[PDB]
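Before any comments, here is the structure.
Any value given below was found using the heavy atoms of this structure, including those in side chains, with hydrogens, waters and symmetry copies removed. Nothing fancy with the numbering, it's 1 onward along the sequence.
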Amino acid sequence: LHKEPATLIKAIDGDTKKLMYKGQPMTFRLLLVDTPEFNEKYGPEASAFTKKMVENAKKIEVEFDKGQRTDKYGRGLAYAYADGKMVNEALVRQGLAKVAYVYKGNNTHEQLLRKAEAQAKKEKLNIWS
Ligand SMILES: Cc1cn([C@H]2C[C@H](OP(=O)(O)O)[C@@H](COP(=O)(O)O)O2)c(=O)[nH]c1=O
Ligand SMILES: [Ca+2]
(Lines give C-alpha, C1' and ligand atoms only; values in the text may rest on other atoms or scores of the structure.)
(Ligands and ions follow the chains in the order given, each with its own letter.)
Protein backbone atom coordinates (compact mmCIF):
# COMPACT_ATOMS: atom_id res chain seq x y z
CA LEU A 1 0.00 0.00 0.00
CA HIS A 2 1.07 3.56 -0.79
CA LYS A 3 0.51 6.93 0.89
CA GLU A 4 -0.73 9.70 -1.41
CA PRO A 5 -1.15 13.39 -0.81
CA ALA A 6 -4.37 15.11 0.03
CA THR A 7 -5.32 18.39 1.75
CA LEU A 8 -8.04 19.01 4.27
CA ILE A 9 -11.07 20.83 2.93
CA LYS A 10 -13.37 20.34 5.98
CA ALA A 11 -13.77 18.02 8.96
CA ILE A 12 -17.17 16.32 8.86
CA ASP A 13 -17.46 13.77 11.68
CA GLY A 14 -15.60 10.94 13.49
CA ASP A 15 -15.01 8.78 10.41
CA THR A 16 -15.69 11.07 7.37
CA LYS A 17 -13.96 14.18 6.12
CA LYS A 18 -13.81 16.27 2.93
CA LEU A 19 -10.34 16.18 1.39
CA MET A 20 -8.86 17.39 -1.84
CA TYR A 21 -7.32 14.40 -3.65
CA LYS A 22 -5.66 14.68 -7.08
CA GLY A 23 -7.03 18.24 -6.99
CA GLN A 24 -10.71 17.22 -6.69
CA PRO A 25 -12.92 17.56 -3.60
CA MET A 26 -14.09 14.17 -2.25
CA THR A 27 -15.73 12.89 0.92
CA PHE A 28 -13.52 10.18 2.47
CA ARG A 29 -14.89 7.40 4.74
CA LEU A 30 -12.24 5.76 7.00
CA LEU A 31 -11.69 2.04 6.26
CA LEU A 32 -12.32 -0.62 8.91
CA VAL A 33 -13.91 1.60 11.59
CA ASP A 34 -17.25 2.90 12.85
CA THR A 35 -17.52 5.98 14.99
CA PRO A 36 -20.85 6.78 16.81
CA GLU A 37 -22.99 9.28 14.86
CA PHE A 38 -22.85 12.85 16.20
CA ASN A 39 -26.33 12.26 17.71
CA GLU A 40 -25.06 9.20 19.68
CA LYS A 41 -22.94 8.66 22.84
CA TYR A 42 -19.26 9.43 22.17
CA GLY A 43 -20.37 10.80 18.77
CA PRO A 44 -19.36 14.40 19.59
CA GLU A 45 -16.07 13.20 21.11
CA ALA A 46 -15.20 11.14 18.04
CA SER A 47 -15.98 14.08 15.77
CA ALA A 48 -13.77 16.38 17.87
CA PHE A 49 -10.91 13.90 17.98
CA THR A 50 -10.79 13.48 14.22
CA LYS A 51 -11.27 17.22 13.62
CA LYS A 52 -8.33 18.06 15.87
CA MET A 53 -6.15 15.37 14.39
CA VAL A 54 -6.67 16.48 10.78
CA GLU A 55 -6.80 20.29 11.27
CA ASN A 56 -3.57 20.30 13.35
CA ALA A 57 -1.68 18.16 10.79
CA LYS A 58 0.92 19.72 8.55
CA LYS A 59 0.60 16.84 6.06
CA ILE A 60 -2.49 14.71 5.34
CA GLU A 61 -2.12 11.56 3.27
CA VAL A 62 -4.54 8.90 2.11
CA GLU A 63 -3.74 5.30 1.54
CA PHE A 64 -6.09 3.14 -0.51
CA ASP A 65 -6.38 -0.56 0.15
CA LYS A 66 -6.28 -3.34 -2.53
CA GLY A 67 -10.03 -3.36 -3.20
CA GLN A 68 -12.73 -0.87 -3.93
CA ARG A 69 -11.65 2.79 -3.63
CA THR A 70 -15.10 4.36 -3.52
CA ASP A 71 -18.25 3.10 -1.79
CA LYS A 72 -21.84 3.11 -3.12
CA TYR A 73 -22.22 6.72 -1.91
CA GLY A 74 -19.18 7.92 -3.92
CA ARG A 75 -17.09 8.33 -0.77
CA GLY A 76 -13.36 7.53 -1.00
CA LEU A 77 -12.43 4.50 1.19
CA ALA A 78 -8.94 4.98 2.63
CA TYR A 79 -6.67 4.93 5.66
CA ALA A 80 -5.97 8.56 6.49
CA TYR A 81 -2.73 9.79 8.06
CA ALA A 82 -2.07 13.05 9.88
CA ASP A 83 1.69 13.79 10.06
CA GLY A 84 2.37 10.09 9.68
CA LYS A 85 -0.12 8.85 12.31
CA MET A 86 -3.08 6.80 11.08
CA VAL A 87 -6.41 8.42 12.04
CA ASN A 88 -8.24 5.10 11.72
CA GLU A 89 -5.94 3.44 14.28
CA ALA A 90 -5.86 6.42 16.60
CA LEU A 91 -9.67 6.51 16.90
CA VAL A 92 -9.81 2.83 17.69
CA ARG A 93 -6.91 3.03 20.16
CA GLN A 94 -8.79 5.77 22.05
CA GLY A 95 -12.07 3.77 22.12
CA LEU A 96 -13.83 6.36 19.99
CA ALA A 97 -14.40 3.83 17.17
CA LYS A 98 -15.02 0.10 16.88
CA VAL A 99 -13.38 -2.08 14.22
CA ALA A 100 -16.22 -2.59 11.70
CA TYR A 101 -17.04 -3.00 8.01
CA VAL A 102 -14.22 -5.44 7.40
CA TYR A 103 -14.71 -6.51 3.82
CA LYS A 104 -12.56 -9.09 2.06
CA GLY A 105 -9.81 -7.46 0.03
CA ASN A 106 -9.95 -4.06 1.73
CA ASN A 107 -8.60 -5.28 5.06
CA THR A 108 -4.85 -4.79 5.03
CA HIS A 109 -4.73 -3.07 8.40
CA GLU A 110 -7.32 -5.23 10.14
CA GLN A 111 -5.03 -6.91 12.62
CA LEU A 112 -3.27 -3.62 13.51
CA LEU A 113 -6.65 -2.05 14.32
CA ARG A 114 -7.95 -5.07 16.27
CA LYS A 115 -4.81 -4.89 18.40
CA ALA A 116 -5.60 -1.23 19.13
CA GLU A 117 -9.20 -2.08 20.00
CA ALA A 118 -8.07 -4.76 22.44
CA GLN A 119 -5.88 -2.22 24.19
CA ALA A 120 -8.62 0.43 24.31
CA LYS A 121 -11.02 -2.16 25.68
CA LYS A 122 -8.44 -3.43 28.23
CA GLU A 123 -8.09 0.19 29.41
CA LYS A 124 -11.88 0.59 29.48
CA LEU A 125 -11.67 3.72 27.32
CA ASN A 126 -14.66 5.80 26.19
CA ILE A 127 -16.99 3.44 24.32
CA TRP A 128 -15.55 0.56 26.37
CA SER A 129 -16.06 2.38 29.66
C1 LIG B 1 -16.59 1.69 5.80
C2 LIG B 1 -17.43 1.20 4.63
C3 LIG B 1 -18.76 1.54 4.57
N4 LIG B 1 -19.50 1.12 3.49
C5 LIG B 1 -20.96 1.37 3.47
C6 LIG B 1 -21.62 0.26 4.30
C7 LIG B 1 -22.85 0.92 4.95
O8 LIG B 1 -23.93 0.83 3.98
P9 LIG B 1 -25.35 1.37 4.58
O10 LIG B 1 -25.48 2.85 4.44
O11 LIG B 1 -26.42 0.71 3.62
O12 LIG B 1 -25.59 1.04 6.10
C13 LIG B 1 -22.36 2.40 5.11
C14 LIG B 1 -21.91 2.71 6.54
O15 LIG B 1 -21.19 3.93 6.45
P16 LIG B 1 -21.48 4.94 7.67
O17 LIG B 1 -21.01 4.30 8.95
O18 LIG B 1 -20.69 6.27 7.32
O19 LIG B 1 -23.02 5.32 7.82
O20 LIG B 1 -21.25 2.55 4.22
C21 LIG B 1 -18.94 0.39 2.50
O22 LIG B 1 -19.63 -0.03 1.56
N23 LIG B 1 -17.63 0.07 2.53
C24 LIG B 1 -16.85 0.47 3.59
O25 LIG B 1 -15.68 0.14 3.61
CA1 LIG C 1 -20.31 6.07 11.46
Side-chain angles (χ1 to χ4, degrees):
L1 307 193
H2 297 282
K3 286 163 200 54
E4 296 181 58
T7 50
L8 175 69
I9 297 165
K10 205 177 171 62
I12 301 169
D13 75 351
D15 55 25
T16 58
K17 55 202 49 67
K18 196 107 214 166
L19 303 180
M20 191 183 289
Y21 169 64
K22 302 210 259 222
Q24 301 309 328
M26 281 172 65
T27 297
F28 274 86
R29 176 55 168 84
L30 294 184
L31 278 173
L32 308 184
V33 305
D34 190 31
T35 53
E37 304 290 326
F38 183 78
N39 41 312
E40 296 166 0
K41 183 142 152 163
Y42 301 114
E45 287 70 20
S47 289
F49 181 88
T50 297
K51 183 188 213 287
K52 184 172 183 289
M53 197 169 169
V54 294
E55 277 181 5
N56 287 9
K58 257 215 51 232
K59 174 190 206 175
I60 294 299
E61 293 170 289
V62 296
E63 178 180 61
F64 291 98
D65 210 318
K66 310 284 203 134
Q68 106 179 164
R69 290 176 175 216
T70 66
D71 70 11
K72 63 188 178 178
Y73 299 112
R75 309 183 293 184
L77 299 174
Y79 307 101
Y81 294 83
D83 290 331
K85 186 160 170 41
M86 200 204 301
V87 174
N88 315 54
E89 189 190 10
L91 277 153
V92 174
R93 177 65 184 79
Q94 281 319 300
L96 286 170
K98 278 167 170 190
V99 177
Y101 295 107
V102 178
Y103 301 92
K104 207 171 167 264
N106 264 351
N107 66 337
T108 300
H109 296 317
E110 184 188 357
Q111 290 305 128
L112 181 75
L113 297 188
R114 289 190 188 286
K115 175 56 166 300
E117 189 179 90
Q119 304 162 132
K121 166 152 30 179
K122 212 169 313 294
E123 291 171 16
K124 293 270 174 56
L125 276 182
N126 288 310
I127 290 178
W128 310 112
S129 68

For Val92 and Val99 the tightest heavy-atom approach is CG1-CG2, 4.1 Å

Checklist entry - Any salt bridge between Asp34 and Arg29, counting N to O under 4.0 Å? => result yes

Output for pair (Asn126 CG, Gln94 CD), nearest 0.5 Å, gives 7.0 Å

Over 60° means perpendicular and under 30° means parallel, so tell me whether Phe28 and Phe64 are parallel, tilted or perpendicular.
tilted

In terms of heavy-atom contacts, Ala120 and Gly95 come closest through CB-N, 3.6 Å

Value for CG (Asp15) from OH (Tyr101), rounded to nearest 0.5 Å, stands at 9.0 Å

Partner of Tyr81 under side chain to side chain donor-acceptor pair (under 3.5 Å), picked from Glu63, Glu89, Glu4, is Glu63

The reported gap from CG in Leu1 to OG1 in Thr108 (rounded to nearest 0.5 angstrom) is 4.0 Å

Exercise for the section: Flag the pair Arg114 / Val102 as yes when at least one side-chain heavy-atom distance between them is below 4.5 Å, and no otherwise. Expected result: yes

Sorted by chain and residue number, the salt bridge (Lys or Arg N to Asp or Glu O under 4.0 Å) partners of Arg75 (sequence neighbours excluded) come out as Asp71

Heavy atoms of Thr35 and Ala97 approach each other most closely as CG2-CB, 3.7 Å

Hits for ring pair (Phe, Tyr, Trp, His ring centres under 6.0 Å) against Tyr79, two or more places apart or cross-chain, chain-then-number order -> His109

When every non-hydrogen atom of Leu30 is compared with those of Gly14, the smallest separation belongs to CD1-O, 3.9 Å

Heavy-atom distance under 4.5 Å between the side chains of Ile60 and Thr7, does that happen here?
no

Q | Minimum side-chain heavy-atom gap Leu77-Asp65 below 4.5 Å | A | no

Value for CE (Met86) from CE (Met53), rounded to nearest 0.5 Å, stands at 9.5 Å

One should read off an interatomic distance between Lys17 NZ and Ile9 CD1, to the nearest 0.5 angstrom, of 12.5 Å

Would you check if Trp128 and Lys98 make a side-chain contact, meaning some heavy-atom pair closer than 4.5 Å?
yes

Only one of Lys58, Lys51, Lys52 passes salt bridge (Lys or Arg N to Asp or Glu O under 4.0 Å) with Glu55, and that residue is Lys51

Sorted by chain and number, sequence neighbours left out, salt bridge (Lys or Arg N to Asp or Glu O under 4.0 Å) with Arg93 holds for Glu123

Scanning both residues in full, the closest heavy-atom pair of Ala46 with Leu91 reads O-CD2, 4.0 Å

Of all heavy-atom pairs linking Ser47 and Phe38, the shortest is OG-CD1, 3.9 Å

Classify the side-chain pair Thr27/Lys18 by whether it contains a donor and acceptor separated by less than 3.5 Å.
-> yes

request  = Treating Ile, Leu, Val, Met, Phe, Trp and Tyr as nodes and any side-chain heavy-atom pair under 4.5 angstrom as an edge, say whether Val87 and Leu8 lie in one connected cluster.
outcome  = yes

So CG of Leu32 and CG of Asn107: to nearest 0.5 Å the spacing works out to 6.5 Å

Inset, instruction - Report whether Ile12 and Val33 are members of the same hydrophobic cluster (ILVMFWY, side-chain heavy atoms less than 4.5 Å apart, transitive linking). - result: no

